[PDB]
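Q: Just so you know, the protein sequences line up as chains M and x, in that order.
Okay, so the first sequence: first residue is 1 according to the deposited numbering, each after it adds one.
Okay, so the second sequence: first residue is 391 according to the deposited numbering, each after it adds one.
Here it is: the structure, laid out below.
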Amino acid sequence: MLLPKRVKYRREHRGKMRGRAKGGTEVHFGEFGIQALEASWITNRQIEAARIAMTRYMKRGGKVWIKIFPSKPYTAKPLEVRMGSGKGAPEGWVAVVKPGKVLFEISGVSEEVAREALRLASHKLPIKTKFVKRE
Amino acid sequence: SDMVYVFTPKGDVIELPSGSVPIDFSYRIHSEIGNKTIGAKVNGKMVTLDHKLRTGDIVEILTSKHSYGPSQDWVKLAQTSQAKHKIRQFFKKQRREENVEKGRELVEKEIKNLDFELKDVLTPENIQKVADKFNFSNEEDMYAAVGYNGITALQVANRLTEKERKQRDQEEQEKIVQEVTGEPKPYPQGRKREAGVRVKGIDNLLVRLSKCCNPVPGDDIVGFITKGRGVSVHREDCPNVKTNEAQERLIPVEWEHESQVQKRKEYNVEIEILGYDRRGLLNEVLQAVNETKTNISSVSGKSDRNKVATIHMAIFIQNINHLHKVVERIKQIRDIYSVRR
RNA sequence: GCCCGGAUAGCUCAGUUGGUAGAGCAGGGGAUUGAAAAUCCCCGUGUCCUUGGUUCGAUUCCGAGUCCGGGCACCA
């Protein structure tokens, strides 16, 4: 859980996912990165399962460079409750991910590792991925 | 000559050990002959069950068909012990045959307060999971284990509790590391110490083990002449021993494995371990140290965000041959990157 | 006849397909007494059933007995 420590507001509107990425559009702090190809929400649960499968395959990680962060929260009601009567309590977290956003990086490990490394994390995200080198 | 060579109602020589009554004559032929024997006839006359056979006799048996059975009087009417070990099971397999019942109520008594507290298996097979270590040979023993206590249950009921996950129970053994603080309390009032740090060939001098880093046979160990209160054996290649003002106070001393009896009880060896954090890992690193001749004094361990655990073993080890062998005993799992001290 | 496992402190019981060994109680150690109980604490205190055995240590692995625990056979 990459939890923010103290947030100005407990709850936000859910936003609309149109446009390209503002930044994070090209890998530069590593040499083997992963751009998303679609747009949805990503949780801390979808980073814990992401970050674990990074280092189980590499067995000795240089760095990981997790770019995105779950800034925006989200709420839902307790179950079986009629509509209205207040926005619910905050439940999890959401990293807001535009398409073409560099998600992770790989620092200085070979291609045949990296082609298999980001493979094993792509099946933990709800987004189609592709493999981008440093330019 | 320790055996009787008696005759069957055909006339075949029946080789049995000596001293046999005609009850012992039955079980060489078949066991159910003993189940159905009433009387005996040797050479015209009936013979009593109080008769003991001799070598070269024709023994006829008064046998019921399937009607009659044994008593308690016959249990010492078996002279020959190998036939009596059949008699040790003959009267058993009709009394214990009843006692499968009192077995069955009391075998299934001892389960659910120890095993089916948490398992709750119906139809049960966990009580029949001891069909791999014990010679059951059929289901009679697993149900009548307490009916005679030849199996002596709470051994086999502990085989029911053989499920040893023990993740919190190692934290209970981490609480044993909490409760063992008091092993330094035998280091007031003196400790059984030889001249173990030989001071430059000169013995019987006041030295102490350095708490900056522990003096072990890696790099050589050097005694610093202090202002007083002892002499510290600083274990050269230390940042404290290297930055010394007044280098004359350093003394090249010996670790003294060259004597008659080596130091059997060296201790206070703290070990730095950098391993990758996964599950089922922290107990097994404690488990290879478990059953190894090594006392554990402090378990200081923590893992980072990226799950590479920084753990420490302030443990006891006695020799560099005891150290470096046990140093290559934290590496049974290969998740661990490196080890330091 | 047959095969299949246990042959572990004083006693209970953990070591188990290979790290010589724990734990509990009992018991002992002295403070204090006629000695106890009470109070103060300390301590394991083992032919791992033997015989052998492939050895660069075996309670366990193997055979060989013995022994315990079994269920199948063998009807004169």
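Every residue gets a Cβ at the ideal spot worked out from N, C-alpha and C, and that includes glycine.
1) Suppose the cutoff is 8 Å on Cβ atoms and the five residues either side in sequence are ignored; what does the same chain contact list for residue 564 (chain x) look like?
2) So what's residue 495 (chain x) in DSSP terms, helix, strand or just coil?
3) Under a Cβ-count criterion, where at least 16 other Cβ atoms within 10 Å of its own Cβ denotes burial, should residue 602 (chain x) be classed as buried or exposed?
4) Which chain M residues sit within Cβ distance under 8 Å of residue 368 (chain x)?
5) Under DSSP, the beta strand (DSSP E) around residue 702 (chain x) begins and ends at which residues?
6) Please list, in chain order, the chain x residues whose beta carbon lies closer than 8 Å to that of residue 64 (chain M).
7) Could you give the C-beta distance for residue 489 (chain x) and residue 537 (chain x), rounded to a whole number, given that I count them as a contact under 8 Å?
8) Helix or strand or just coil, what does DSSP make of residue 104 (chain M)?
9) Looking at residue 94 (chain M) and residue 72 (chain M), is the spacing between their C-beta atoms short of 8 Å?
10) Based on Cα-Cα distance, which residue from x:496, x:685, x:727 lies nearest to residue 712 (chain x)?
11) When you compare only the Cα positions, how much space is there between residue 41 (chain M) and residue 520 (chain x)?
12) Can you tell me which of the three DSSP states residue 507 (chain x) falls into?
13) Tell me, please, which residues DSSP counts as bridged to residue 532 (chain x).
14) Should residue 644 (chain x) be labelled buried (16 or more other beta-carbon atoms within 10 Å of its own) or exposed?
15) How close, in whole Å, do the beta carbons of residue 119 (chain M) and residue 27 (chain M) come, if the pair is a contact with beta carbons under 8 Å?
16) Under the DSSP definition of a beta bridge, which residues are partnered with residue 686 (chain x)?
17) Helix, strand or coil for residue 644 (chain x)? Go by DSSP, reduced to three states.
18) Tell me where the beta strand (DSSP E) around residue 52 (chain M) begins and ends.
19) Taking the beta carbon of residue 624 (chain x) as the centre, do at least 16 other beta carbons fall within 10 Å, making it buried, or is it exposed?
20) Just how far apart, CA to CA, sit residue 570 (chain x) and residue 576 (chain x)?
21) In the DSSP assignment, the alpha helix (DSSP H) including residue 12 (chain M) goes from what residue to what residue?
22) Looking only at its chain, what residues have a beta carbon closer than 8 Å to the beta carbon of residue 433 (chain x), apart from the 5 residues adjacent to it on each side?
23) In angstroms, rounded to a whole number, what distance separates the CA positions of residue 33 (chain M) and residue 653 (chain x)?
24) Could you tell me which of x:562, x:613, x:646 sits nearest to residue 638 (chain x), measuring between CA atoms?
25) Using C-beta distances below 8 Å, list every residue in its chain close to residue 401 (chain x), excluding the 5 sequence neighbours before and after it, in chain order.
26) Exposed or buried, what is residue 620 (chain x) when buried is set at 16 or more other beta-carbons lying within 10 Å of its beta-carbon?
27) For residue 18 (chain M), which of M:106, M:131, M:100, M:122 has the nearest alpha-carbon?
28) Give the list of continuous beta strand (DSSP E) stretches no shorter than 3 residues that lie fully inside the stretch 572 to 626 of chain x.
29) List the endpoints of the continuous alpha helix (DSSP H) containing residue 127 (chain M).
30) Give every residue of the same chain whose Cβ lies closer than 6 Å to the Cβ of residue 722 (chain x), excluding the five residues on either side of it in the sequence, and list them in chain order.
31) Which same chain residues end up closer than 7 Å to residue 474 (chain x) when comparing Cβ atoms and leaving out the 5 residues on each side of it in sequence?
32) To the nearest angstrom, how far is the alpha carbon of residue 112 (chain M) from that of residue 130 (chain M)?
33) Does the count of Cβ pairs from the stretch 475 to 483 of chain x and the stretch 505 to 515 of chain x closer than 8 Å reach three?
A: Result, derived from the coordinates:
1) 689
2) helix
3) exposed
4) Residue 368 (chain x) is absent from the model: chain x starts at 391 and stops at 731.
5) 698 to 705
6) 696
7) 4 Å
8) strand
9) yes
10) x:685
11) 52 Å
12) coil
13) Note: residue 532 (chain x) sits in no beta bridge, so no partner.
14) buried
15) Not a contact, Cβ separation roughly 16 Å.
16) x:705
17) strand
18) From DSSP, residue 52 (chain M) is part of no beta strand (DSSP E) but of the alpha helix (DSSP H) over 45 to 58.
19) buried
20) 12 Å
21) Segment: none, residue 12 (chain M) is in no alpha helix (DSSP H) and carries neither H nor E.
22) 447, 448
23) 57 Å
24) x:613
25) 448
26) exposed
27) M:100
28) 612 to 615, 621 to 623
29) No alpha helix (DSSP H) holds residue 127 (chain M); DSSP gives it neither H nor E.
30) 678
31) 468
32) 15 Å
33) no
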